[PDB]
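Okay, so here's the structure we're looking at.
Numbers here are sequence positions counted from 1.
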Amino acid sequence: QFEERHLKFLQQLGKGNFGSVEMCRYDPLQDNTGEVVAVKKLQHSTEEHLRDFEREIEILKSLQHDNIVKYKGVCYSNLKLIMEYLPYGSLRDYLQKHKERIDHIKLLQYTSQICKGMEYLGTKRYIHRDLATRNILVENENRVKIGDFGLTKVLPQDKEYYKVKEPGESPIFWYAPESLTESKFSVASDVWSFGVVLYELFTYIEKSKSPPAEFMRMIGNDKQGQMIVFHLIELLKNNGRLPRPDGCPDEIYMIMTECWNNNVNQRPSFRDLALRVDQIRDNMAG
Ligand SMILES: CNC(=O)c1cnc(N)c2cc(-c3ccc(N4CCOCC4)cc3)sc12
């Protein structure tokens, strides 16, 4: 395992749900020849959150895929999850800062990699529940990886869905209708979120074009607080949806809209999404 005393703090990487990820140098020979790693810990350790974190850690190390962040180990005294450090950071920050370097062909390359990572999750009956570009990490210009699994759950053997309502704030603008109304999470709800991720990528993370900003504008910024979810539910019920991003090809927007089907069973599979995206990639190449 990783020893506490040999882990040197370098900087804070992010804060989500109930954790924090820090950039650290694991230097066991204290001879600055050690590798930099990412360390995740609960920002406020609760026994309920500790049990969830333990599960999260088991989920991540049971995963080995090119498009999933690598598990490196754990650190015991306050439990800490040690993961590989991806130098380019989250896709959301990377894309926002590098839009001039990233074209549509590369956006589809990332899209394809995200789908393959998700199809791999589904093969283990894992439901991510938090897909968004901020949870995708960039290893290099050509490779992205799903980098966080804090809300990931395992489907029960007898059901094709999982019910769960956690205390606090949820990323409601990335949530499928049945996740908002019934707290139901499934591969199909991950697909709905994947559609939002696709939307995100093609907006190049323009601040005014974010899902929260767009939906709040459609719902009315003169909205309340507890009623926000209620109005979001109604908007989606009446087929209100995120607009086609500026410059987005019509065939890409259709993938988005198909993922945003109110009918859970009509949403495409991740396997099919990969095939349609790779087909469009090839048609844009030659
Ligand atoms: C430039 N290098 C990096 O920044 C970097 C490198 N390697 C990594 N493995 C990670 C992981 C990161 C991270 C940051 C925020 C969250 N959140 C916020 C969203 O909600 C989930 C919790 C999770 C993971 S950053 C990062």
Side-chain angles (χ1 to χ4, degrees), residues 7 9-24 36-61 63 67-72 74-75 78-97 110 114 117-118 121 126-139 144-154 162 164-176 179-180 183 185 189-190 192-194 196-197 199-201 205 207 210-213 215-216 228-229:
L7 254 189
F9 175 84
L10 295 176
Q11 80 146 86
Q12 230 266 124
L13 292 178
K15 261 201 191 281
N17 290 315
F18 296 110
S20 120
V21 177
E22 295 168 345
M23 177 184 185
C24 302
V36 169
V37 294
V39 183
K40 180 180 190 182
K41 71 174 163 190
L42 297 169
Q43 220 31 346
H44 281 90
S45 194
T46 306
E47 196 52 50
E48 292 279 334
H49 295 157
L50 183 67
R51 178 159 59 251
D52 287 335
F53 194 35
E54 281 173 5
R55 250 135 66 84
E56 182 188 330
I57 292 168
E58 286 309 301
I59 293 292
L60 186 55
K61 85 187 206 152
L63 299 168
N67 303 300
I68 287 179
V69 68
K70 293 176 176 160
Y71 163 87
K72 281 187 164 283
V74 289
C75 173
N78 31 260
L79 229 189
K80 283 175 285 175
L81 166 58
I82 316 301
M83 299 170 280
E84 55 170 337
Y85 173 68
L86 298 180
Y88 290 88
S90 74
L91 224 194
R92 201 223 189 218
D93 290 335
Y94 179 67
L95 185 60
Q96 195 171 53
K97 301 172 186 174
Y110 297 158
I114 290 160
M118 287 304 310
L121 285 210
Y126 290 169
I127 311 301
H128 192 87
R129 296 185 61 237
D130 199 29
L131 212 59
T133 66
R134 65 197 196 256
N135 289 318
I136 307 297
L137 303 169
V138 184
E139 178 177 26
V144 297
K145 301 188 189 190
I146 300 168
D148 193 79
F149 298 90
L151 298 181
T152 301
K153 300 286 184 184
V154 188
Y162 185 110
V164 55
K165 170 69 251 171
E166 290 146 319
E169 304 303 317
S170 280
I172 58 163
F173 299 113
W174 268 267
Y175 271 8
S179 295
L180 293 169
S183 297
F185 295 86
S189 65
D190 271 352
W192 171 291
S193 296
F194 164 82
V196 185
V197 171
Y199 168 85
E200 290 187 80
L201 295 176
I205 322 298
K207 216 165 192 69
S210 71
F215 279 125
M216 284 301 289
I228 289 171
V229 186

| request: For atom NZ of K15, decide whether the heavy atoms of other residues, nucleotides or ligands shown that lie under 6.0 angstrom number more than 12. | output: yes

| task | Identify the two heavy atoms, one from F9 and one from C24, that lie closest to each other, and give their separation to 0.1 Å. | result | CA-SG, 4.2 Å

| query | Would a 4.5 Å heavy-atom cut-off, applied to side chains only, mark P171 and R134 as touching? | reply | yes

| said: Would you say that more than 12 heavy atoms from the other residues, nucleotides or ligands in this model lie under 6.0 Å from the OH of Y162, or not? | reply: yes

| task | Could you walk me through whether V144 and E139 pass side-chain contact (heavy atoms from CB on, under 4.5 Å), step by step? | result | CA-CA 6 Å; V144 297; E139 178 177 26; over 6 Å; no

| query | Minimum heavy-atom separation for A38 to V21, with atom names? | reply | CB-CG1, 4.0 Å

| task | Enter the distance from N67:CG to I136:CD1 here, rounded to the nearest 0.5 Å. | result | 9.0 Å

| query | Nearest heavy-atom pair of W174 and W192: which atoms, and what distance? | reply | O-CD1, 3.7 Å

| field | Nearest-0.5 Å distance that lies between atom CG in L86 and atom CD in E84 | value | 4.5 Å

| request: Could you grab the distance from atom OG of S193 to atom OH of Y175, nearest 0.5 Å is fine? | output: 7.5 Å

| task | Show your reasoning for whether side-chain contact (heavy atoms from CB on, under 4.5 Å) applies to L180 and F173. | result | CA-CA 10 Å; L180 293 169; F173 299 113; over 6 Å; no

| message | How long is the straight-line distance from CG of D148 back to CG of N17, given to the nearest 0.5 Å? | response | 7.0 Å

| Under 3.5 Å donor-acceptor, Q96 side chain and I205 backbone | yes

| Heavy-atom check, side chain of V36 versus side chain of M23, under 4.5 Å | yes

| query | Does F149 have its ring centroid less than 6.0 Å away from the ring centroid of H128? | reply | yes

| Is it true that atom CD of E169 has more than 12 heavy atoms of other residues, nucleotides or ligands lying nearer than 6.0 Å? | no

| Is there a donor-acceptor pair closer than 3.5 Å between any side-chain N or O of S183 and the backbone N or O of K165? | no

| task | Measure the acute angle between the ring planes of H49 and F18, then classify it against the limits of 30° and 60° as parallel, tilted or perpendicular. | result | parallel

| Closest approach of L131 and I114, non-hydrogen atoms and distance? | CD2-CG2, 4.0 Å

| task | Apply the test side-chain contact (heavy atoms from CB on, under 4.5 Å) to residues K153 and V164: give CA-CA distance (whole Å), side-chain angles for both, the deciding distance (0.1 Å), then the verdict. | result | CA-CA 9 Å; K153 300 286 184 184; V164 55; 4.2 Å; yes

| field | Atom of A132, atom of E200 and distance for their closest heavy-atom approach | value | CA-OE2, 3.5 Å

Under 3.5 Å, which donor-acceptor pairs do the side chains of residues 50-61 form with other protein atoms, sequence neighbours left out?
| residue | atom | partner | partner atom | Å |
| --- | --- | --- | --- | --- |
| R51 | NH2 | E48 | OE1 | 3.1 |
| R51 | NH2 | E48 | OE2 | 3.0 |
| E56 | OE2 | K40 | NZ | 2.7 |

| task | Rounded to the nearest 0.5 Å, what's the gap from CG on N78 to CG on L42? Could you check? | result | 10.0 Å

| Looking only at heavy atoms, what is the nearest atom pair of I146 and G117, with distance? | CD1-C, 3.7 Å

| field | Sub-4.5 Å side-chain heavy-atom contact between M118 and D190 | value | yes

| With a cut-off of 6.0 Å (strictly less than), are more than 12 heavy atoms of other residues, nucleotides or ligands near NZ of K145? | yes

| said: side-chain contact (heavy atoms from CB on, under 4.5 Å) for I82 and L7? Distances and angles first, verdict last. | reply: CA-CA 10 Å; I82 316 301; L7 254 189; 4.0 Å; yes

| said: A side-chain contact here means heavy atoms from C-beta on lying under 4.5 Å apart; do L81 and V39 qualify? | reply: no

| task | Would you check if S90 and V138 make a side-chain contact, meaning some heavy-atom pair closer than 4.5 Å? | result | no

| query | What distance do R92 atom CZ and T133 atom OG1 have between them, rounded to the nearest 0.5 Å? | reply | 6.0 Å

| query | Are side-chain heavy atoms of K41 and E22 found at a separation under 4.5 Å? | reply | yes

| Got a donor-acceptor contact below 3.5 angstrom from the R129 side chain to the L151 backbone? | yes

| Can you find a pair of side-chain heavy atoms, one from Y126 and one from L63, that are under 4.5 Å apart? | yes

| Do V69 and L137 come within less than 4.5 Å of each other through their side chains, counting heavy atoms only? | yes

